[PDB]
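Peer 1: Pasting work38.tsv below, which is TSV, N, CA and C atoms.
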```tsv
chain	number	residue	atom	x	y	z
H	22	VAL	N	51.89	88.59	165.32
H	22	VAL	CA	52.24	88.28	163.89
H	22	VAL	C	51.37	89.08	162.90
H	23	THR	N	50.09	89.28	163.23
H	23	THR	CA	49.18	90.11	162.42
H	23	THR	C	49.43	91.63	162.53
H	24	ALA	N	50.20	92.06	163.53
H	24	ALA	CA	50.60	93.47	163.68
H	24	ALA	C	51.72	93.94	162.72
H	25	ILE	N	52.35	93.01	162.00
H	25	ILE	CA	53.44	93.29	161.07
H	25	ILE	C	52.90	93.63	159.68
H	26	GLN	N	51.86	92.90	159.28
H	26	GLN	CA	51.28	93.01	157.95
H	26	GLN	C	50.82	94.43	157.67
H	27	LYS	N	50.12	95.00	158.65
H	27	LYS	CA	49.61	96.37	158.56
H	27	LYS	C	50.75	97.35	158.31
H	28	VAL	N	51.82	97.17	159.10
H	28	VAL	CA	53.00	98.03	159.02
H	28	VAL	C	53.61	97.94	157.62
H	29	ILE	N	53.71	96.71	157.13
H	29	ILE	CA	54.28	96.45	155.80
H	29	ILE	C	53.45	97.17	154.73
H	30	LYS	N	52.13	97.06	154.86
H	30	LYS	CA	51.21	97.68	153.92
H	30	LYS	C	51.39	99.20	153.92
H	31	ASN	N	51.52	99.76	155.12
H	31	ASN	CA	51.72	101.20	155.28
H	31	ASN	C	53.01	101.63	154.59
H	32	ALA	N	54.06	100.84	154.79
H	32	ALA	CA	55.36	101.11	154.18
H	32	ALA	C	55.25	101.10	152.66
H	33	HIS	N	54.52	100.11	152.13
H	33	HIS	CA	54.27	99.98	150.69
H	33	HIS	C	53.60	101.23	150.16
H	34	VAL	N	52.58	101.67	150.90
H	34	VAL	CA	51.79	102.84	150.52
H	34	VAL	C	52.68	104.09	150.45
H	35	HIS	N	53.54	104.33	151.45
H	35	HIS	CA	54.33	105.58	151.54
H	35	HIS	C	55.80	105.51	151.06
H	36	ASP	N	56.15	104.44	150.34
H	36	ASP	CA	57.47	104.29	149.66
H	36	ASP	C	58.70	104.36	150.58
H	37	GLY	N	59.10	103.21	151.13
H	37	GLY	CA	60.37	103.11	151.86
H	37	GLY	C	60.76	101.73	152.36
H	38	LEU	N	60.54	100.70	151.54
H	38	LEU	CA	60.84	99.30	151.91
H	38	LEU	C	62.06	98.76	151.16
H	39	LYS	N	63.19	98.63	151.86
H	39	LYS	CA	64.36	97.94	151.31
H	39	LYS	C	64.16	96.43	151.49
H	40	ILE	N	63.76	95.75	150.41
H	40	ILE	CA	63.40	94.32	150.46
H	40	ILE	C	64.45	93.49	149.73
H	41	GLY	N	65.03	92.50	150.42
H	41	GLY	CA	65.97	91.55	149.79
H	41	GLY	C	67.45	91.83	150.00
H	42	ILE	N	68.01	91.17	151.02
H	42	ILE	CA	69.47	91.14	151.35
H	42	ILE	C	70.34	92.42	151.22
H	43	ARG	N	70.84	92.67	150.01
H	43	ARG	CA	71.86	93.69	149.78
H	43	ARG	C	71.31	95.06	150.15
H	44	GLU	N	70.09	95.31	149.69
H	44	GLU	CA	69.39	96.58	149.94
H	44	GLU	C	69.23	96.79	151.44
H	45	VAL	N	68.83	95.72	152.13
H	45	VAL	CA	68.63	95.74	153.59
H	45	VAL	C	69.93	96.12	154.28
H	46	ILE	N	71.01	95.48	153.84
H	46	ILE	CA	72.35	95.71	154.39
H	46	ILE	C	72.73	97.18	154.23
H	47	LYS	N	72.48	97.70	153.03
H	47	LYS	CA	72.81	99.09	152.70
H	47	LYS	C	72.03	100.04	153.61
H	48	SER	N	70.75	99.73	153.80
H	48	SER	CA	69.87	100.54	154.65
H	48	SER	C	70.40	100.56	156.07
H	49	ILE	N	70.81	99.39	156.55
H	49	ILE	CA	71.33	99.26	157.91
H	49	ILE	C	72.61	100.08	158.07
H	50	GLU	N	73.53	100.00	157.11
H	50	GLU	CA	74.79	100.76	157.15
H	50	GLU	C	74.55	102.24	156.79
H	51	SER	N	73.94	102.94	157.75
H	51	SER	CA	73.36	104.30	157.65
H	51	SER	C	72.12	104.33	158.56
H	52	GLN	N	71.71	105.53	158.99
H	52	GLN	CA	70.61	105.67	159.96
H	52	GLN	C	69.25	105.85	159.27
H	53	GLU	N	68.83	104.80	158.56
H	53	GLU	CA	67.59	104.80	157.77
H	53	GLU	C	66.63	103.70	158.21
H	54	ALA	N	67.12	102.45	158.21
H	54	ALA	CA	66.32	101.29	158.64
H	54	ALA	C	65.96	101.36	160.12
H	55	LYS	N	64.71	101.73	160.40
H	55	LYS	CA	64.21	101.93	161.77
H	55	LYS	C	63.69	100.65	162.44
H	56	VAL	N	63.38	99.63	161.63
H	56	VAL	CA	63.11	98.27	162.15
H	56	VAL	C	63.41	97.23	161.06
H	57	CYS	N	63.93	96.07	161.48
H	57	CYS	CA	64.38	95.01	160.56
H	57	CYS	C	63.65	93.69	160.79
H	58	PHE	N	62.77	93.33	159.85
H	58	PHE	CA	62.13	92.02	159.82
H	58	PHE	C	63.04	91.08	159.01
H	59	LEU	N	63.55	90.05	159.68
H	59	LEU	CA	64.43	89.05	159.05
H	59	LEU	C	63.70	87.69	159.06
H	60	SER	N	64.43	86.57	159.01
H	60	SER	CA	63.82	85.23	159.08
H	60	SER	C	64.66	84.27	159.93
H	61	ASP	N	64.09	83.09	160.20
H	61	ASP	CA	64.80	82.00	160.89
H	61	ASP	C	65.27	80.91	159.91
H	62	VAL	N	64.37	80.45	159.05
H	62	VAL	CA	64.66	79.36	158.11
H	62	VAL	C	65.46	79.88	156.91
H	63	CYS	N	66.78	79.68	156.95
H	63	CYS	CA	67.72	80.13	155.91
H	63	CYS	C	68.69	79.00	155.54
H	64	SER	N	69.71	79.33	154.75
H	64	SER	CA	70.87	78.45	154.51
H	64	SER	C	72.14	79.11	155.07
H	65	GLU	N	73.00	78.30	155.69
H	65	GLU	CA	74.29	78.71	156.29
H	65	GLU	C	74.24	79.51	157.62
H	66	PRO	N	73.04	79.92	158.08
H	66	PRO	CA	72.73	81.09	158.90
H	66	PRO	C	73.75	82.24	158.98
H	67	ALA	N	74.64	82.32	157.98
H	67	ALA	CA	75.58	83.43	157.87
H	67	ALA	C	74.82	84.74	157.72
H	68	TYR	N	73.77	84.71	156.89
H	68	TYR	CA	72.86	85.85	156.66
H	68	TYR	C	72.32	86.36	158.00
H	69	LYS	N	71.81	85.40	158.77
H	69	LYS	CA	71.20	85.67	160.07
H	69	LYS	C	72.21	86.33	160.99
H	70	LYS	N	73.42	85.76	161.01
H	70	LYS	CA	74.51	86.27	161.84
H	70	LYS	C	74.82	87.72	161.49
H	71	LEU	N	74.90	87.97	160.18
H	71	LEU	CA	75.20	89.31	159.66
H	71	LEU	C	74.13	90.29	160.13
H	72	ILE	N	72.87	89.86	160.02
H	72	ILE	CA	71.73	90.70	160.39
H	72	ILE	C	71.82	91.04	161.88
H	73	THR	N	72.08	90.02	162.69
H	73	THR	CA	72.00	90.17	164.15
H	73	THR	C	73.06	91.15	164.63
H	74	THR	N	74.27	90.95	164.10
H	74	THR	CA	75.42	91.79	164.44
H	74	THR	C	75.12	93.23	164.04
H	75	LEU	N	74.55	93.40	162.84
H	75	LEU	CA	74.23	94.74	162.34
H	75	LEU	C	73.22	95.42	163.27
H	76	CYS	N	72.21	94.66	163.69
H	76	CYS	CA	71.17	95.16	164.59
H	76	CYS	C	71.79	95.61	165.90
H	77	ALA	N	72.72	94.80	166.41
H	77	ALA	CA	73.41	95.09	167.67
H	77	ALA	C	74.32	96.34	167.63
H	78	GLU	N	75.35	96.28	166.77
H	78	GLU	CA	76.41	97.32	166.63
H	78	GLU	C	76.66	98.21	167.86
H	85	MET	N	63.53	91.71	164.27
H	85	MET	CA	62.52	91.04	165.09
H	85	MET	C	62.76	89.53	165.22
H	86	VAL	N	63.10	88.88	164.09
H	86	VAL	CA	63.47	87.44	163.94
H	86	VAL	C	62.47	86.73	162.99
H	87	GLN	N	61.37	86.19	163.50
H	87	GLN	CA	60.29	85.55	162.69
H	87	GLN	C	60.70	84.31	161.85
H	88	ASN	N	59.70	83.57	161.36
H	88	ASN	CA	59.89	82.30	160.64
H	88	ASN	C	59.68	82.41	159.13
H	89	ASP	N	60.47	81.63	158.37
H	89	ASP	CA	60.33	81.42	156.91
H	89	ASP	C	60.56	82.65	155.99
H	90	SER	N	60.82	82.36	154.72
H	90	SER	CA	61.11	83.35	153.69
H	90	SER	C	59.92	83.58	152.77
H	91	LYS	N	59.20	82.50	152.45
H	91	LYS	CA	58.05	82.59	151.56
H	91	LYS	C	56.98	83.48	152.16
H	92	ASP	N	56.75	83.36	153.47
H	92	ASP	CA	55.78	84.20	154.17
H	92	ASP	C	56.15	85.68	154.04
H	93	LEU	N	57.44	85.95	154.23
H	93	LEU	CA	57.96	87.32	154.12
H	93	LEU	C	57.73	87.86	152.71
H	94	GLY	N	58.00	87.02	151.72
H	94	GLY	CA	57.79	87.36	150.31
H	94	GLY	C	56.35	87.73	150.06
H	95	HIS	N	55.45	86.91	150.60
H	95	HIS	CA	54.00	87.13	150.48
H	95	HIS	C	53.63	88.49	151.06
H	96	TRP	N	54.16	88.76	152.25
H	96	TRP	CA	53.91	90.03	152.93
H	96	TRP	C	54.44	91.20	152.09
H	97	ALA	N	55.66	91.03	151.57
H	97	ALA	CA	56.30	92.00	150.66
H	97	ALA	C	55.60	92.07	149.29
H	98	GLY	N	56.07	92.96	148.42
H	98	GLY	CA	55.42	93.22	147.14
H	98	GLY	C	55.85	92.26	146.04
H	99	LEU	N	55.29	91.05	146.07
H	99	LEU	CA	55.56	90.01	145.06
H	99	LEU	C	54.31	89.15	144.84
H	100	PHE	N	53.62	89.36	143.71
H	100	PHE	CA	52.43	88.57	143.34
H	100	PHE	C	52.38	88.32	141.83
H	111	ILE	N	55.94	84.74	143.60
H	111	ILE	CA	56.34	85.01	144.98
H	111	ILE	C	57.72	84.39	145.23
H	112	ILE	N	58.77	85.18	144.98
H	112	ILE	CA	60.17	84.74	145.13
H	112	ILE	C	60.60	84.96	146.59
H	113	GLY	N	61.55	84.14	147.06
H	113	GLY	CA	62.03	84.19	148.45
H	113	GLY	C	62.63	85.53	148.86
H	114	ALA	N	62.16	86.06	149.99
H	114	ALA	CA	62.51	87.42	150.44
H	114	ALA	C	63.81	87.49	151.24
H	115	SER	N	64.04	86.49	152.10
H	115	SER	CA	65.15	86.48	153.07
H	115	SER	C	64.96	87.55	154.16
H	116	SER	N	65.18	88.83	153.82
H	116	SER	CA	65.05	89.93	154.79
H	116	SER	C	64.39	91.20	154.22
H	117	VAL	N	63.69	91.91	155.11
H	117	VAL	CA	63.01	93.17	154.81
H	117	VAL	C	63.61	94.27	155.70
H	118	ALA	N	63.55	95.52	155.24
H	118	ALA	CA	63.99	96.68	156.02
H	118	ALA	C	63.06	97.86	155.78
H	119	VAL	N	62.36	98.29	156.83
H	119	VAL	CA	61.34	99.33	156.74
H	119	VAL	C	61.94	100.70	157.10
H	120	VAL	N	61.68	101.67	156.23
H	120	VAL	CA	61.98	103.09	156.47
H	120	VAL	C	60.67	103.86	156.25
H	121	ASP	N	60.49	104.94	157.02
H	121	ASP	CA	59.35	105.89	156.89
H	121	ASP	C	58.06	105.48	157.62
H	122	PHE	N	57.69	104.20	157.56
H	122	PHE	CA	56.40	103.69	158.07
H	122	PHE	C	55.20	104.28	157.32
H	123	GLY	N	54.85	105.53	157.61
H	123	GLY	CA	53.77	106.25	156.90
H	123	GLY	C	52.43	106.43	157.61
H	124	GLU	N	52.31	105.92	158.84
H	124	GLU	CA	51.08	106.05	159.64
H	124	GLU	C	51.30	105.66	161.12
H	125	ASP	N	50.28	105.88	161.95
H	125	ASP	CA	50.32	105.57	163.39
H	125	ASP	C	49.00	104.93	163.86
H	126	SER	N	48.94	104.56	165.15
H	126	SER	CA	47.73	104.04	165.83
H	126	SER	C	47.39	102.58	165.48
H	127	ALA	N	46.40	102.03	166.19
H	127	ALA	CA	45.91	100.65	166.03
H	127	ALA	C	46.93	99.55	166.40
H	128	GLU	N	47.61	98.94	165.41
H	128	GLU	CA	48.51	97.79	165.65
H	128	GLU	C	50.01	98.11	165.58
H	129	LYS	N	50.37	99.36	165.27
H	129	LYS	CA	51.76	99.83	165.41
H	129	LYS	C	52.08	100.13	166.88
H	130	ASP	N	51.09	100.64	167.62
H	130	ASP	CA	51.22	100.87	169.07
H	130	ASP	C	51.39	99.57	169.87
H	131	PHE	N	50.90	98.44	169.35
H	131	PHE	CA	51.12	97.12	169.97
H	131	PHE	C	52.58	96.64	169.77
H	132	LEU	N	52.93	96.46	168.50
H	132	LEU	CA	54.16	95.77	168.12
H	132	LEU	C	55.37	96.53	168.64
H	133	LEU	N	55.35	97.85	168.45
H	133	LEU	CA	56.45	98.71	168.87
H	133	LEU	C	56.64	98.61	170.38
H	134	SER	N	55.52	98.64	171.11
H	134	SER	CA	55.57	98.55	172.57
H	134	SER	C	56.17	97.21	172.99
H	135	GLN	N	55.74	96.15	172.32
H	135	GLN	CA	56.24	94.80	172.59
H	135	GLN	C	57.70	94.69	172.13
```
In structure tokens, how does this file's structure come out?
Peer 2:
Amino acid sequence: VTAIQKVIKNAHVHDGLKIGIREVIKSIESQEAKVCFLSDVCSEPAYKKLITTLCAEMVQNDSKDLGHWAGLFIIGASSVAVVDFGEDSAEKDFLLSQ
């Protein structure tokens, strides 16, 4: 769980985070979103279904936590989509391997 925060920070630093539903969807529909952090605790789980199917063609808990991790200082995030990353080594070699 602590291996995600670093990645998010790196993404923030090097400009490429599609944060919040529609943007995430757009990123997915095209070869840009290289990893998708979504959530479990939602409403309707229709969102979740949409995400999963799109991925198929990480999961994780809660929205507030995601918002905190994302650039909001804190409105509900729902889903994040990372492009570019911006660095290597340390805790990216863990999470990716896992």
Peer 1: Would you kindly return, as a list in words, each protein, DNA or RNA residue with an atom no farther than 5 Å from any atom of stretch 60-70 of chain H, considering all atoms listed in the file and excluding same-chain residues fewer than 6 positions away?
Peer 2: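 With the cut-off at 5 Å, the set is residues 86, 87, 88, 89 and 115 of chain H.
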Peer 1: Determine which residues of chain H receive a DSSP assignment of strand (DSSP E), computed from the backbone, and state them as a list in words.
Peer 2: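 Checking each residue of chain H, the strand (DSSP E) ones are residues 38, 39, 40, 56, 57, 58, 117, 118 and 119 of chain H.
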Peer 1: Any idea what the distance is between atom CA of residue H:85 and atom CA of residue H:56?
Peer 2: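 Answer for the atom CA of residue H:85 to atom CA of residue H:56 separation: 7.8 Å.
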Peer 1: Enter the distance from atom C of residue H:55 to atom N of residue H:114, in Å, rounded to one decimal.
Peer 2: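 Interatomic distance, atom C of residue H:55 to atom N of residue H:114: 19.2 Å.
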Peer 1: Here is a test: counting only C-alpha atoms, which residue of H:76, H:133, H:71, H:57 is nearest to residue H:117?
Peer 2: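 Of H:76, H:133, H:71, H:57, the one nearest residue H:117 is H:57, counting only C-alpha atoms.
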Peer 1: Excluding residue H:131 and any residue of its chain fewer than 5 positions from it, enumerate the residues within 10 Å of it, using only C-alpha atoms, and give them as a PyMOL selection string.
Peer 2: chain H and resi 24-25+126
Peer 1: Could you write out that same residue set with N, CA and C atoms as a tab-separated table (two decimals), in the frame of the given file?
Peer 2:
```
chain	number	residue	atom	x	y	z
H	24	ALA	N	50.20	92.06	163.53
H	24	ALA	CA	50.60	93.47	163.68
H	24	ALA	C	51.72	93.94	162.72
H	25	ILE	N	52.35	93.01	162.00
H	25	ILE	CA	53.44	93.29	161.07
H	25	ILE	C	52.90	93.63	159.68
H	126	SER	N	48.94	104.56	165.15
H	126	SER	CA	47.73	104.04	165.83
H	126	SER	C	47.39	102.58	165.48
```
Peer 1: Quick one, how far is atom CA of residue H:128 from atom CA of residue H:34?
Peer 2: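 These two atoms are separated by 16.3 Å.
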Peer 1: May I ask which of the residues H:116, H:129, H:75, H:27 is the closest one to residue H:50, counting only N, CA and C atoms?
Peer 2: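 Among the listed residues, H:75 lies closest to residue H:50.
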Peer 1: Give as an MDAnalysis selection string the set of residues within 12 Å of the point (68.5, 100.8, 155.9), where distances use the file's coordinates and only C-alpha atoms.
Peer 2: chainID H and resid 37:58 72 75:76 116:121
Peer 1: If you keep N, CA and C atoms, can you produce a file of those selected residues as an mmCIF file, in the frame of the given file?
Peer 2:
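As written to disk, result36.cif reads:
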```cif
data_model
loop_
_atom_site.group_PDB
_atom_site.id
_atom_site.type_symbol
_atom_site.label_atom_id
_atom_site.label_comp_id
_atom_site.auth_asym_id
_atom_site.auth_seq_id
_atom_site.Cartn_x
_atom_site.Cartn_y
_atom_site.Cartn_z
ATOM 1 N N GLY H 37 59.100 103.210 151.130
ATOM 2 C CA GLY H 37 60.370 103.110 151.860
ATOM 3 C C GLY H 37 60.760 101.730 152.360
ATOM 4 N N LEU H 38 60.540 100.700 151.540
ATOM 5 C CA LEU H 38 60.840 99.300 151.910
ATOM 6 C C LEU H 38 62.060 98.760 151.160
ATOM 7 N N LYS H 39 63.190 98.630 151.860
ATOM 8 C CA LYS H 39 64.360 97.940 151.310
ATOM 9 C C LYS H 39 64.160 96.430 151.490
ATOM 10 N N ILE H 40 63.760 95.750 150.410
ATOM 11 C CA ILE H 40 63.400 94.320 150.460
ATOM 12 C C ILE H 40 64.450 93.490 149.730
ATOM 13 N N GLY H 41 65.030 92.500 150.420
ATOM 14 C CA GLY H 41 65.970 91.550 149.790
ATOM 15 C C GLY H 41 67.450 91.830 150.000
ATOM 16 N N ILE H 42 68.010 91.170 151.020
ATOM 17 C CA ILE H 42 69.470 91.140 151.350
ATOM 18 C C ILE H 42 70.340 92.420 151.220
ATOM 19 N N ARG H 43 70.840 92.670 150.010
ATOM 20 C CA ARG H 43 71.860 93.690 149.780
ATOM 21 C C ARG H 43 71.310 95.060 150.150
ATOM 22 N N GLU H 44 70.090 95.310 149.690
ATOM 23 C CA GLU H 44 69.390 96.580 149.940
ATOM 24 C C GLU H 44 69.230 96.790 151.440
ATOM 25 N N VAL H 45 68.830 95.720 152.130
ATOM 26 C CA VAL H 45 68.630 95.740 153.590
ATOM 27 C C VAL H 45 69.930 96.120 154.280
ATOM 28 N N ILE H 46 71.010 95.480 153.840
ATOM 29 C CA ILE H 46 72.350 95.710 154.390
ATOM 30 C C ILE H 46 72.730 97.180 154.230
ATOM 31 N N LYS H 47 72.480 97.700 153.030
ATOM 32 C CA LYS H 47 72.810 99.090 152.700
ATOM 33 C C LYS H 47 72.030 100.040 153.610
ATOM 34 N N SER H 48 70.750 99.730 153.800
ATOM 35 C CA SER H 48 69.870 100.540 154.650
ATOM 36 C C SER H 48 70.400 100.560 156.070
ATOM 37 N N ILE H 49 70.810 99.390 156.550
ATOM 38 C CA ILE H 49 71.330 99.260 157.910
ATOM 39 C C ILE H 49 72.610 100.080 158.070
ATOM 40 N N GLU H 50 73.530 100.000 157.110
ATOM 41 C CA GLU H 50 74.790 100.760 157.150
ATOM 42 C C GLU H 50 74.550 102.240 156.790
ATOM 43 N N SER H 51 73.940 102.940 157.750
ATOM 44 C CA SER H 51 73.360 104.300 157.650
ATOM 45 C C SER H 51 72.120 104.330 158.560
ATOM 46 N N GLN H 52 71.710 105.530 158.990
ATOM 47 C CA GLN H 52 70.610 105.670 159.960
ATOM 48 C C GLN H 52 69.250 105.850 159.270
ATOM 49 N N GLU H 53 68.830 104.800 158.560
ATOM 50 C CA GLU H 53 67.590 104.800 157.770
ATOM 51 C C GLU H 53 66.630 103.700 158.210
ATOM 52 N N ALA H 54 67.120 102.450 158.210
ATOM 53 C CA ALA H 54 66.320 101.290 158.640
ATOM 54 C C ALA H 54 65.960 101.360 160.120
ATOM 55 N N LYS H 55 64.710 101.730 160.400
ATOM 56 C CA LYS H 55 64.210 101.930 161.770
ATOM 57 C C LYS H 55 63.690 100.650 162.440
ATOM 58 N N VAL H 56 63.380 99.630 161.630
ATOM 59 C CA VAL H 56 63.110 98.270 162.150
ATOM 60 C C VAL H 56 63.410 97.230 161.060
ATOM 61 N N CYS H 57 63.930 96.070 161.480
ATOM 62 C CA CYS H 57 64.380 95.010 160.560
ATOM 63 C C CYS H 57 63.650 93.690 160.790
ATOM 64 N N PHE H 58 62.770 93.330 159.850
ATOM 65 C CA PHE H 58 62.130 92.020 159.820
ATOM 66 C C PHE H 58 63.040 91.080 159.010
ATOM 67 N N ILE H 72 72.870 89.860 160.020
ATOM 68 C CA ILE H 72 71.730 90.700 160.390
ATOM 69 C C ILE H 72 71.820 91.040 161.880
ATOM 70 N N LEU H 75 74.550 93.400 162.840
ATOM 71 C CA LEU H 75 74.230 94.740 162.340
ATOM 72 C C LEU H 75 73.220 95.420 163.270
ATOM 73 N N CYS H 76 72.210 94.660 163.690
ATOM 74 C CA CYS H 76 71.170 95.160 164.590
ATOM 75 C C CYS H 76 71.790 95.610 165.900
ATOM 76 N N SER H 116 65.180 88.830 153.820
ATOM 77 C CA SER H 116 65.050 89.930 154.790
ATOM 78 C C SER H 116 64.390 91.200 154.220
ATOM 79 N N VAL H 117 63.690 91.910 155.110
ATOM 80 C CA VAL H 117 63.010 93.170 154.810
ATOM 81 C C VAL H 117 63.610 94.270 155.700
ATOM 82 N N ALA H 118 63.550 95.520 155.240
ATOM 83 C CA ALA H 118 63.990 96.680 156.020
ATOM 84 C C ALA H 118 63.060 97.860 155.780
ATOM 85 N N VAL H 119 62.360 98.290 156.830
ATOM 86 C CA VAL H 119 61.340 99.330 156.740
ATOM 87 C C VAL H 119 61.940 100.700 157.100
ATOM 88 N N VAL H 120 61.680 101.670 156.230
ATOM 89 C CA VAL H 120 61.980 103.090 156.470
ATOM 90 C C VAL H 120 60.670 103.860 156.250
ATOM 91 N N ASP H 121 60.490 104.940 157.020
ATOM 92 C CA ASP H 121 59.350 105.890 156.890
ATOM 93 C C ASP H 121 58.060 105.480 157.620
#
```
Peer 1: Produce the centre coordinates and the three edge lengths, each in Å to one decimal, of the box along x, y and z that contains all listed atoms of stretch 54-59 of chain H with 4 Å added on each side, as JSON.
Peer 2:
```
{"center_x": 64.6, "center_y": 95.1, "center_z": 160.3, "size_x": 13.0, "size_y": 22.8, "size_z": 12.2}
```
Peer 1: Determine which residues of chain H receive a DSSP assignment of helix (DSSP H, G or I), computed from the backbone, and state them as number ranges by chain.
Peer 2: H: 23-35, 43-49, 67-77, 91-96, 129-134
Peer 1: Taking N, CA and C atoms for each residue, export the selection above as a compact mmCIF listing (two decimals), in the frame of the given file.
Peer 2:
```txt
# COMPACT_ATOMS: atom_id res chain seq x y z
N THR H 23 50.09 89.28 163.23
CA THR H 23 49.18 90.11 162.42
C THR H 23 49.43 91.63 162.53
N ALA H 24 50.20 92.06 163.53
CA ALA H 24 50.60 93.47 163.68
C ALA H 24 51.72 93.94 162.72
N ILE H 25 52.35 93.01 162.00
CA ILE H 25 53.44 93.29 161.07
C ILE H 25 52.90 93.63 159.68
N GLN H 26 51.86 92.90 159.28
CA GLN H 26 51.28 93.01 157.95
C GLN H 26 50.82 94.43 157.67
N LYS H 27 50.12 95.00 158.65
CA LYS H 27 49.61 96.37 158.56
C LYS H 27 50.75 97.35 158.31
N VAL H 28 51.82 97.17 159.10
CA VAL H 28 53.00 98.03 159.02
C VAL H 28 53.61 97.94 157.62
N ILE H 29 53.71 96.71 157.13
CA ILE H 29 54.28 96.45 155.80
C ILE H 29 53.45 97.17 154.73
N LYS H 30 52.13 97.06 154.86
CA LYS H 30 51.21 97.68 153.92
C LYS H 30 51.39 99.20 153.92
N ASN H 31 51.52 99.76 155.12
CA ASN H 31 51.72 101.20 155.28
C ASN H 31 53.01 101.63 154.59
N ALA H 32 54.06 100.84 154.79
CA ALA H 32 55.36 101.11 154.18
C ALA H 32 55.25 101.10 152.66
N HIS H 33 54.52 100.11 152.13
CA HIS H 33 54.27 99.98 150.69
C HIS H 33 53.60 101.23 150.16
N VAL H 34 52.58 101.67 150.90
CA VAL H 34 51.79 102.84 150.52
C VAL H 34 52.68 104.09 150.45
N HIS H 35 53.54 104.33 151.45
CA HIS H 35 54.33 105.58 151.54
C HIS H 35 55.80 105.51 151.06
N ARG H 43 70.84 92.67 150.01
CA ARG H 43 71.86 93.69 149.78
C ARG H 43 71.31 95.06 150.15
N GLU H 44 70.09 95.31 149.69
CA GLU H 44 69.39 96.58 149.94
C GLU H 44 69.23 96.79 151.44
N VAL H 45 68.83 95.72 152.13
CA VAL H 45 68.63 95.74 153.59
C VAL H 45 69.93 96.12 154.28
N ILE H 46 71.01 95.48 153.84
CA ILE H 46 72.35 95.71 154.39
C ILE H 46 72.73 97.18 154.23
N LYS H 47 72.48 97.70 153.03
CA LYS H 47 72.81 99.09 152.70
C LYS H 47 72.03 100.04 153.61
N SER H 48 70.75 99.73 153.80
CA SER H 48 69.87 100.54 154.65
C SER H 48 70.40 100.56 156.07
N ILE H 49 70.81 99.39 156.55
CA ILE H 49 71.33 99.26 157.91
C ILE H 49 72.61 100.08 158.07
N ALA H 67 74.64 82.32 157.98
CA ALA H 67 75.58 83.43 157.87
C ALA H 67 74.82 84.74 157.72
N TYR H 68 73.77 84.71 156.89
CA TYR H 68 72.86 85.85 156.66
C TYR H 68 72.32 86.36 158.00
N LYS H 69 71.81 85.40 158.77
CA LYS H 69 71.20 85.67 160.07
C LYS H 69 72.21 86.33 160.99
N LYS H 70 73.42 85.76 161.01
CA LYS H 70 74.51 86.27 161.84
C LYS H 70 74.82 87.72 161.49
N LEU H 71 74.90 87.97 160.18
CA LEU H 71 75.20 89.31 159.66
C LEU H 71 74.13 90.29 160.13
N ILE H 72 72.87 89.86 160.02
CA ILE H 72 71.73 90.70 160.39
C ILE H 72 71.82 91.04 161.88
N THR H 73 72.08 90.02 162.69
CA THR H 73 72.00 90.17 164.15
C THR H 73 73.06 91.15 164.63
N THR H 74 74.27 90.95 164.10
CA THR H 74 75.42 91.79 164.44
C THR H 74 75.12 93.23 164.04
N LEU H 75 74.55 93.40 162.84
CA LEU H 75 74.23 94.74 162.34
C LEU H 75 73.22 95.42 163.27
N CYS H 76 72.21 94.66 163.69
CA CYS H 76 71.17 95.16 164.59
C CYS H 76 71.79 95.61 165.90
N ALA H 77 72.72 94.80 166.41
CA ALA H 77 73.41 95.09 167.67
C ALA H 77 74.32 96.34 167.63
N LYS H 91 59.20 82.50 152.45
CA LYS H 91 58.05 82.59 151.56
C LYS H 91 56.98 83.48 152.16
N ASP H 92 56.75 83.36 153.47
CA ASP H 92 55.78 84.20 154.17
C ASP H 92 56.15 85.68 154.04
N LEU H 93 57.44 85.95 154.23
CA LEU H 93 57.96 87.32 154.12
C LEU H 93 57.73 87.86 152.71
N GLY H 94 58.00 87.02 151.72
CA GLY H 94 57.79 87.36 150.31
C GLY H 94 56.35 87.73 150.06
N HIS H 95 55.45 86.91 150.60
CA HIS H 95 54.00 87.13 150.48
C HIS H 95 53.63 88.49 151.06
N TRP H 96 54.16 88.76 152.25
CA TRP H 96 53.91 90.03 152.93
C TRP H 96 54.44 91.20 152.09
N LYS H 129 50.37 99.36 165.27
CA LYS H 129 51.76 99.83 165.41
C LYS H 129 52.08 100.13 166.88
N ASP H 130 51.09 100.64 167.62
CA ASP H 130 51.22 100.87 169.07
C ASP H 130 51.39 99.57 169.87
N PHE H 131 50.90 98.44 169.35
CA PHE H 131 51.12 97.12 169.97
C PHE H 131 52.58 96.64 169.77
N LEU H 132 52.93 96.46 168.50
CA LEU H 132 54.16 95.77 168.12
C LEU H 132 55.37 96.53 168.64
N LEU H 133 55.35 97.85 168.45
CA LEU H 133 56.45 98.71 168.87
C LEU H 133 56.64 98.61 170.38
N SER H 134 55.52 98.64 171.11
CA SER H 134 55.57 98.55 172.57
C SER H 134 56.17 97.21 172.99
```
